[PDB]
>>> print(open('input23.cif').read())   # mmCIF, C-alpha atoms and all ligand atoms
data_run
loop_
_atom_site.label_atom_id
_atom_site.label_comp_id
_atom_site.auth_asym_id
_atom_site.auth_seq_id
_atom_site.Cartn_x
_atom_site.Cartn_y
_atom_site.Cartn_z
CA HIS A 3 -280.95 -53.11 -169.58
CA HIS A 4 -283.46 -50.64 -171.23
CA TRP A 5 -284.67 -48.62 -168.22
CA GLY A 6 -285.75 -45.01 -168.47
CA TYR A 7 -288.50 -42.62 -167.35
CA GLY A 8 -291.32 -43.41 -169.88
CA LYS A 9 -294.66 -45.20 -169.08
CA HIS A 10 -293.15 -48.44 -170.46
CA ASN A 11 -289.65 -48.46 -168.79
CA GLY A 12 -290.02 -45.96 -165.91
CA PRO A 13 -289.50 -46.27 -162.15
CA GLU A 14 -292.56 -48.60 -161.63
CA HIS A 15 -290.83 -51.18 -163.93
CA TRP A 16 -287.26 -51.00 -162.51
CA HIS A 17 -287.86 -53.70 -159.82
CA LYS A 18 -288.16 -56.49 -162.46
CA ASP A 19 -284.47 -56.16 -163.53
CA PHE A 20 -283.30 -54.50 -160.23
CA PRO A 21 -285.15 -56.17 -157.33
CA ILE A 22 -283.28 -53.89 -154.79
CA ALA A 23 -285.77 -51.25 -156.14
CA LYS A 24 -288.05 -52.49 -153.29
CA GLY A 25 -285.18 -52.61 -150.71
CA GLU A 26 -284.88 -51.21 -147.18
CA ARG A 27 -282.84 -48.05 -147.99
CA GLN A 28 -284.06 -46.71 -151.35
CA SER A 29 -283.76 -43.09 -152.53
CA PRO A 30 -285.11 -40.57 -152.95
CA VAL A 31 -287.41 -39.95 -149.94
CA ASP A 32 -289.75 -37.20 -148.77
CA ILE A 33 -288.02 -35.12 -146.08
CA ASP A 34 -290.68 -34.45 -143.41
CA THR A 35 -289.15 -31.34 -141.79
CA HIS A 36 -291.27 -31.87 -138.61
CA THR A 37 -289.89 -35.39 -137.94
CA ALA A 38 -286.22 -34.88 -138.99
CA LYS A 39 -284.28 -34.32 -135.75
CA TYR A 40 -281.41 -31.88 -135.20
CA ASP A 41 -278.30 -34.01 -134.48
CA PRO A 42 -275.66 -32.19 -132.38
CA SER A 43 -273.24 -35.13 -133.07
CA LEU A 44 -272.88 -34.06 -136.76
CA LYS A 45 -269.43 -32.47 -137.49
CA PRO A 46 -269.31 -29.34 -139.71
CA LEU A 47 -269.64 -30.17 -143.48
CA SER A 48 -266.43 -29.47 -145.48
CA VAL A 49 -266.81 -28.90 -149.25
CA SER A 50 -263.19 -28.56 -150.61
CA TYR A 51 -263.59 -27.90 -154.37
CA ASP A 52 -260.67 -25.39 -154.77
CA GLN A 53 -258.55 -27.90 -156.85
CA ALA A 54 -261.51 -29.46 -158.77
CA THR A 55 -260.49 -30.57 -162.31
CA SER A 56 -263.54 -30.93 -164.59
CA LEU A 57 -262.85 -32.88 -167.81
CA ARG A 58 -265.92 -33.62 -169.88
CA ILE A 59 -269.71 -33.40 -170.14
CA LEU A 60 -271.63 -36.46 -171.39
CA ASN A 61 -275.27 -37.07 -172.35
CA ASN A 62 -275.76 -40.67 -171.10
CA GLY A 63 -279.43 -40.92 -172.33
CA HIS A 64 -280.71 -40.49 -168.71
CA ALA A 65 -279.16 -37.12 -167.70
CA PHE A 66 -275.87 -35.33 -168.47
CA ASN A 67 -272.79 -35.83 -166.30
CA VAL A 68 -270.03 -33.32 -165.74
CA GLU A 69 -267.05 -35.61 -165.04
CA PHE A 70 -264.04 -34.75 -162.84
CA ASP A 71 -260.49 -36.04 -162.51
CA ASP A 72 -260.73 -38.21 -159.34
CA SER A 73 -257.20 -39.82 -159.73
CA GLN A 74 -256.20 -37.73 -156.60
CA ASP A 75 -257.92 -35.79 -153.72
CA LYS A 76 -258.56 -32.63 -155.85
CA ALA A 77 -262.24 -31.99 -154.97
CA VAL A 78 -263.46 -33.71 -151.74
CA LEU A 79 -266.38 -33.78 -149.32
CA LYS A 80 -265.62 -34.43 -145.64
CA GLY A 81 -267.28 -33.86 -142.26
CA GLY A 82 -270.99 -33.75 -141.52
CA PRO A 83 -272.06 -37.40 -141.15
CA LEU A 84 -269.06 -38.70 -143.16
CA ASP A 85 -266.08 -40.72 -141.84
CA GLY A 86 -262.99 -39.95 -143.95
CA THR A 87 -262.63 -38.47 -147.41
CA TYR A 88 -265.03 -38.66 -150.38
CA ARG A 89 -263.74 -37.67 -153.83
CA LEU A 90 -265.95 -35.82 -156.38
CA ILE A 91 -266.29 -37.92 -159.57
CA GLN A 92 -269.27 -36.29 -161.37
CA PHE A 93 -272.35 -34.13 -161.01
CA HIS A 94 -275.67 -34.28 -162.83
CA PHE A 95 -279.26 -33.03 -162.49
CA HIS A 96 -282.80 -34.37 -162.44
CA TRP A 97 -285.51 -32.04 -163.80
CA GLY A 98 -289.12 -31.73 -164.87
CA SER A 99 -291.21 -30.93 -167.92
CA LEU A 100 -292.64 -28.02 -165.86
CA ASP A 101 -291.32 -25.92 -162.95
CA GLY A 102 -293.64 -27.67 -160.38
CA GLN A 103 -291.80 -31.03 -160.64
CA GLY A 104 -288.32 -32.40 -161.29
CA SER A 105 -286.65 -32.97 -157.91
CA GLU A 106 -286.16 -36.50 -156.55
CA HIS A 107 -286.14 -35.58 -152.84
CA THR A 108 -289.20 -33.63 -151.69
CA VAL A 109 -289.50 -31.37 -148.62
CA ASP A 110 -292.87 -31.80 -146.85
CA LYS A 111 -294.03 -33.25 -150.24
CA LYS A 112 -292.84 -30.07 -152.09
CA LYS A 113 -291.27 -30.87 -155.49
CA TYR A 114 -288.61 -28.44 -156.77
CA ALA A 115 -287.98 -27.72 -160.50
CA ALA A 116 -284.75 -29.74 -160.42
CA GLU A 117 -282.13 -31.36 -158.19
CA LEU A 118 -278.34 -31.30 -158.56
CA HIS A 119 -276.38 -34.40 -157.41
CA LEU A 120 -272.66 -34.03 -156.72
CA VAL A 121 -271.43 -37.65 -156.53
CA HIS A 122 -268.42 -38.55 -154.32
CA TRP A 123 -266.80 -41.91 -153.48
CA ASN A 124 -265.10 -43.02 -150.23
CA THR A 125 -261.30 -43.06 -150.95
CA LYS A 127 -260.80 -45.95 -148.41
CA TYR A 128 -262.29 -48.31 -151.11
CA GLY A 129 -259.66 -47.24 -153.73
CA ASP A 130 -261.98 -46.86 -156.79
CA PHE A 131 -265.61 -45.94 -157.52
CA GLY A 132 -266.56 -49.49 -158.68
CA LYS A 133 -265.45 -50.89 -155.29
CA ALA A 134 -267.05 -48.04 -153.35
CA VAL A 135 -270.58 -48.68 -154.78
CA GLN A 136 -270.44 -52.26 -153.30
CA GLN A 137 -270.17 -50.74 -149.77
CA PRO A 138 -272.94 -49.32 -147.56
CA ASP A 139 -270.77 -46.19 -146.93
CA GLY A 140 -269.20 -46.11 -150.43
CA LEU A 141 -270.75 -42.88 -151.81
CA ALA A 142 -271.77 -39.43 -150.53
CA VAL A 143 -274.17 -37.56 -152.82
CA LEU A 144 -274.65 -33.84 -152.11
CA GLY A 145 -278.15 -32.94 -153.28
CA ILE A 146 -279.11 -29.33 -154.06
CA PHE A 147 -282.63 -28.20 -154.99
CA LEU A 148 -283.15 -25.80 -157.92
CA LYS A 149 -286.09 -23.37 -157.97
CA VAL A 150 -286.95 -21.08 -160.90
CA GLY A 151 -286.26 -17.40 -160.18
CA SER A 152 -283.15 -15.36 -160.94
CA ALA A 153 -280.37 -16.83 -163.15
CA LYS A 154 -277.50 -18.76 -161.53
CA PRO A 155 -274.39 -17.28 -163.20
CA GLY A 156 -272.27 -20.31 -162.19
CA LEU A 157 -274.67 -22.62 -164.13
CA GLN A 158 -274.54 -20.71 -167.45
CA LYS A 159 -271.33 -22.48 -168.77
CA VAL A 160 -273.23 -25.80 -168.32
CA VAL A 161 -276.40 -24.43 -170.06
CA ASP A 162 -274.34 -23.09 -173.00
CA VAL A 163 -272.64 -26.45 -173.85
CA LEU A 164 -275.94 -28.50 -173.87
CA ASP A 165 -276.49 -27.68 -177.61
CA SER A 166 -273.26 -29.72 -178.27
CA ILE A 167 -274.48 -32.85 -176.37
CA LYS A 168 -278.14 -32.91 -177.46
CA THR A 169 -278.37 -36.70 -177.88
CA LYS A 170 -277.38 -39.87 -176.02
CA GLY A 171 -273.66 -40.77 -176.31
CA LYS A 172 -272.56 -37.19 -177.18
CA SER A 173 -269.76 -35.68 -175.06
CA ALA A 174 -267.86 -32.38 -175.09
CA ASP A 175 -264.63 -31.11 -173.49
CA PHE A 176 -265.68 -29.32 -170.22
CA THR A 177 -262.46 -28.17 -168.52
CA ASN A 178 -261.96 -25.45 -165.90
CA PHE A 179 -265.61 -25.59 -164.65
CA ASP A 180 -265.84 -24.52 -160.96
CA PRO A 181 -268.56 -26.49 -159.11
CA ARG A 182 -268.40 -23.98 -156.19
CA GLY A 183 -270.57 -21.74 -158.45
CA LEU A 184 -273.49 -24.20 -158.00
CA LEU A 185 -273.66 -24.07 -154.11
CA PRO A 186 -276.14 -21.99 -152.10
CA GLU A 187 -274.84 -19.68 -149.30
CA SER A 188 -275.84 -22.10 -146.50
CA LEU A 189 -274.56 -25.70 -146.10
CA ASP A 190 -277.40 -26.54 -143.63
CA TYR A 191 -278.47 -30.09 -144.62
CA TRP A 192 -280.54 -33.19 -143.95
CA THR A 193 -278.80 -36.58 -144.05
CA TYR A 194 -280.01 -40.19 -144.28
CA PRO A 195 -278.71 -43.53 -145.58
CA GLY A 196 -280.05 -44.45 -149.04
CA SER A 197 -279.31 -45.57 -152.57
CA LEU A 198 -278.52 -44.55 -156.13
CA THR A 199 -281.82 -43.14 -157.52
CA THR A 200 -281.28 -44.87 -160.91
CA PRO A 201 -280.53 -48.47 -161.79
CA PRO A 202 -278.65 -50.29 -160.44
CA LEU A 203 -280.20 -48.63 -157.31
CA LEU A 204 -277.33 -49.83 -155.07
CA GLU A 205 -277.75 -49.10 -151.34
CA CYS A 206 -274.31 -47.42 -151.01
CA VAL A 207 -275.14 -43.69 -150.53
CA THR A 208 -274.98 -41.31 -147.58
CA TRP A 209 -277.37 -38.59 -148.76
CA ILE A 210 -276.61 -35.00 -147.76
CA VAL A 211 -279.46 -32.75 -149.02
CA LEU A 212 -278.97 -28.99 -148.56
CA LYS A 213 -281.98 -27.12 -147.14
CA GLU A 214 -281.31 -23.93 -149.15
CA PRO A 215 -282.24 -24.24 -152.85
CA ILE A 216 -280.30 -22.40 -155.57
CA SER A 217 -282.30 -20.18 -157.97
CA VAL A 218 -281.92 -20.69 -161.77
CA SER A 219 -283.78 -18.77 -164.49
CA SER A 220 -286.71 -20.13 -166.56
CA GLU A 221 -284.40 -19.73 -169.62
CA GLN A 222 -281.68 -21.90 -167.94
CA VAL A 223 -284.07 -24.77 -167.08
CA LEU A 224 -285.81 -24.50 -170.52
CA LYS A 225 -282.40 -25.33 -172.09
CA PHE A 226 -282.15 -28.52 -169.88
CA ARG A 227 -285.54 -29.50 -171.36
CA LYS A 228 -284.21 -29.30 -174.99
CA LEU A 229 -281.87 -32.26 -174.40
CA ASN A 230 -282.85 -35.67 -175.81
CA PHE A 231 -282.99 -39.13 -174.20
CA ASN A 232 -282.62 -40.61 -177.71
CA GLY A 233 -279.49 -40.97 -179.84
CA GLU A 234 -278.74 -38.90 -182.98
CA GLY A 235 -281.07 -39.68 -185.90
CA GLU A 236 -283.69 -41.40 -183.62
CA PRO A 237 -287.23 -40.08 -182.97
CA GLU A 238 -286.93 -37.08 -180.59
CA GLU A 239 -287.87 -37.84 -176.94
CA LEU A 240 -287.20 -34.71 -174.87
CA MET A 241 -285.04 -35.32 -171.77
CA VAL A 242 -287.61 -34.21 -169.15
CA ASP A 243 -289.01 -35.80 -165.95
CA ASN A 244 -285.83 -37.87 -165.41
CA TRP A 245 -286.64 -38.12 -161.65
CA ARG A 246 -287.56 -41.11 -159.48
CA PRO A 247 -290.39 -40.39 -157.04
CA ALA A 248 -290.08 -40.61 -153.25
CA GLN A 249 -289.59 -44.19 -151.90
CA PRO A 250 -290.64 -45.64 -148.52
CA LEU A 251 -288.56 -44.33 -145.61
CA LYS A 252 -288.94 -47.71 -143.80
CA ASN A 253 -286.64 -48.01 -140.72
CA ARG A 254 -284.66 -44.78 -141.34
CA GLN A 255 -284.24 -41.46 -139.54
CA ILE A 256 -283.45 -38.24 -141.40
CA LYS A 257 -281.11 -36.04 -139.29
CA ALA A 258 -280.87 -32.22 -139.58
CA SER A 259 -277.55 -30.35 -139.22
CA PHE A 260 -279.46 -27.27 -137.99
CA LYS A 261 -282.02 -26.36 -135.24
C1 LIG B 1 -271.14 -44.08 -165.19
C2 LIG B 1 -272.35 -43.81 -164.34
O1 LIG B 1 -273.16 -42.95 -164.66
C3 LIG B 1 -272.58 -44.57 -163.10
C4 LIG B 1 -272.32 -45.88 -163.16
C5 LIG B 1 -272.48 -46.91 -162.16
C6 LIG B 1 -272.82 -46.72 -160.83
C7 LIG B 1 -272.95 -47.82 -160.01
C8 LIG B 1 -272.77 -49.11 -160.45
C9 LIG B 1 -272.44 -49.29 -161.78
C10 LIG B 1 -272.31 -48.19 -162.60
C11 LIG B 1 -273.04 -43.83 -161.91
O2 LIG B 1 -272.22 -43.17 -161.30
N1 LIG B 1 -274.38 -43.98 -161.66
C12 LIG B 1 -275.07 -43.14 -160.77
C13 LIG B 1 -274.48 -42.20 -159.98
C14 LIG B 1 -275.23 -41.43 -159.11
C15 LIG B 1 -276.61 -41.59 -159.10
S1 LIG B 1 -277.63 -40.60 -158.04
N2 LIG B 1 -278.88 -40.10 -158.95
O3 LIG B 1 -278.15 -41.45 -157.00
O4 LIG B 1 -276.81 -39.45 -157.69
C16 LIG B 1 -277.20 -42.53 -159.89
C17 LIG B 1 -276.43 -43.30 -160.73
CL CL B 2 -288.05 -22.88 -151.08
ZN ZN B 3 -278.91 -38.21 -159.43
#
>>> encode(input="input23.cif", output="structure tokens")
Amino acid sequence: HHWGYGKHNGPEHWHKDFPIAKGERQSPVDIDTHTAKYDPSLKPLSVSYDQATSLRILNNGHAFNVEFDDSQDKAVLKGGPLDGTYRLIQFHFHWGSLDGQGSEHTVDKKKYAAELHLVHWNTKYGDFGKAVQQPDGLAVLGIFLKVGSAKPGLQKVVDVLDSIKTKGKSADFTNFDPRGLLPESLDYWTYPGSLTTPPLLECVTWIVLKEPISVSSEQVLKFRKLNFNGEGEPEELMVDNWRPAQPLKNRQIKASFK
């Protein structure tokens, strides 16, 4: 497959190789704050990242992934809408060419400069590859980024990007604490959806935090110096690696907060 975010291979083309692109529970979606309903049935969200073991950072030609050791319950997401235990495997971002676009989810049609995805898999399915074949296999924690003051906890990520400029490059990325990327509040919206890239599998419980984190213009400018292309190839800046909002269809977005 040769999918990407250009005119010629971008989200409007994905359905030809990945027909689920036009499915009943695609992501992202616009979060209409006036139709999402507070759900008193939601349990408190539990983000347990104290024992998180980061390993590596990889430019995959679509975004960059910070990968974790998920061979045991070291960094887990529980509670909120989730049944059981979901293990952190990686995080990555989606971002724009300019500060007015870049997020995948929108909030009353507002686009943020970027969106962080912390990807977790349901440990009752034993491995990530099995989990993505299940409707409750993954929980992705989505966090909006706006441009304002620097996020200190992001700087170690920003500073290694020079070493993974092009597709296929990786770097050692140990001892990175993903707690440094969370906002103060864990208030969230939740809905059933999909991976937002091919293969667009409908296996995700989305948990999207209401409170954005602030990052500096300098921090997001360094995201925009990455390349989609491999070393030696014509430079295509890694920008606008976001899928637009997809039809909500027969889904309800629930709020954790009044
Ligand atoms: C190795 C790798 O990158 C992956 C492989 C994979 C995933 C599923 C099936 C086969 C391979 C993967 O995890 N894909 C992915 C993760 C989160 C999101 S998203 N934007 O919905 O959070 C989008 C894409
Ligand atoms: Cl805001
Ligand atoms: Zn993502």
>>> closest_atom_pairs(input="input23.cif", of="chain A", to="ligand LIG 1 (chain B)", cutoff="7 Å", atoms="only C-alpha atoms and all ligand atoms", output="JSON lines")
{"residue": "A:119", "atom": "CA", "partner": "B:LIG1", "partner_atom": "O4", "distance": 5.1}
{"residue": "A:120", "atom": "CA", "partner": "B:LIG1", "partner_atom": "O4", "distance": 6.9}
{"residue": "A:121", "atom": "CA", "partner": "B:LIG1", "partner_atom": "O4", "distance": 5.8}
{"residue": "A:132", "atom": "CA", "partner": "B:LIG1", "partner_atom": "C8", "distance": 6.5}
{"residue": "A:135", "atom": "CA", "partner": "B:LIG1", "partner_atom": "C7", "distance": 5.8}
{"residue": "A:143", "atom": "CA", "partner": "B:LIG1", "partner_atom": "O4", "distance": 5.9}
{"residue": "A:197", "atom": "CA", "partner": "B:LIG1", "partner_atom": "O3", "distance": 6.2}
{"residue": "A:198", "atom": "CA", "partner": "B:LIG1", "partner_atom": "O3", "distance": 3.2}
{"residue": "A:199", "atom": "CA", "partner": "B:LIG1", "partner_atom": "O3", "distance": 4.1}
{"residue": "A:200", "atom": "CA", "partner": "B:LIG1", "partner_atom": "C16", "distance": 4.8}
{"residue": "A:201", "atom": "CA", "partner": "B:LIG1", "partner_atom": "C17", "distance": 6.7}
{"residue": "A:202", "atom": "CA", "partner": "B:LIG1", "partner_atom": "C8", "distance": 6.0}
{"residue": "A:204", "atom": "CA", "partner": "B:LIG1", "partner_atom": "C7", "distance": 6.9}
>>> residues_around(input="input23.cif", residues="residue A:109", least_positions_apart="2", cutoff="12 Å", atoms="only C-alpha atoms", output="list in words")
residues 30, 31, 32, 33, 34, 35, 36, 37, 38, 105, 106, 107, 111, 112, 113, 114, 146, 147, 191, 192, 211, 212, 213, 214, 215, 248 and 256 of chain A
>>> atom_distance(input="input23.cif", atom1="atom CA of residue A:93", atom2="atom CA of residue A:70")
8.5 Å
>>> closest_residue(input="input23.cif", among="A:151, A:233, A:82, A:186", to="residue A:172", atoms="only C-alpha atoms")
A:233
>>> residues_near_point(input="input23.cif", point="(-283.0, -49.2, -170.2)", cutoff="12 Å", atoms="only C-alpha atoms", output="list in words")
residues 3, 4, 5, 6, 7, 8, 10, 11, 12, 13, 15, 16, 18, 19, 20, 62, 63, 64, 200, 201, 202, 231 and 232 of chain A
>>> atom_distance(input="input23.cif", atom1="atom CA of residue A:57", atom2="atom CA of residue A:178")
7.7 Å
>>> closest_residue(input="input23.cif", among="A:217, A:166, A:56, A:136", to="ligand CL 2 (chain B)", atoms="all atoms listed in the file")
A:217
>>> axis_aligned_box(input="input23.cif", around="stretch 191-209 of chain A", padding_each_side="4 Å", output="lines of an AutoDock Vina configuration file")
center_x = -278.1
center_y = -40.2
center_z = -152.9
size_x = 15.5
size_y = 28.2
size_z = 25.8
>>> atom_distance(input="input23.cif", atom1="atom CA of residue A:252", atom2="atom CA of residue A:90")
28.8 Å
>>> closest_residue(input="input23.cif", among="A:124, A:222, A:177, A:108", to="ligand CL 2 (chain B)", atoms="only C-alpha atoms and all ligand atoms")
A:108
>>> closest_residue(input="input23.cif", among="A:261, A:17, A:89, A:122", to="residue A:73", atoms="all atoms listed in the file")
A:89
>>> closest_residue(input="input23.cif", among="A:25, A:250, A:235, A:81", to="residue A:168", atoms="only C-alpha atoms")
A:235
>>> closest_residue(input="input23.cif", among="A:96, A:154, A:24, A:58", to="residue A:218", atoms="all atoms listed in the file")
A:154
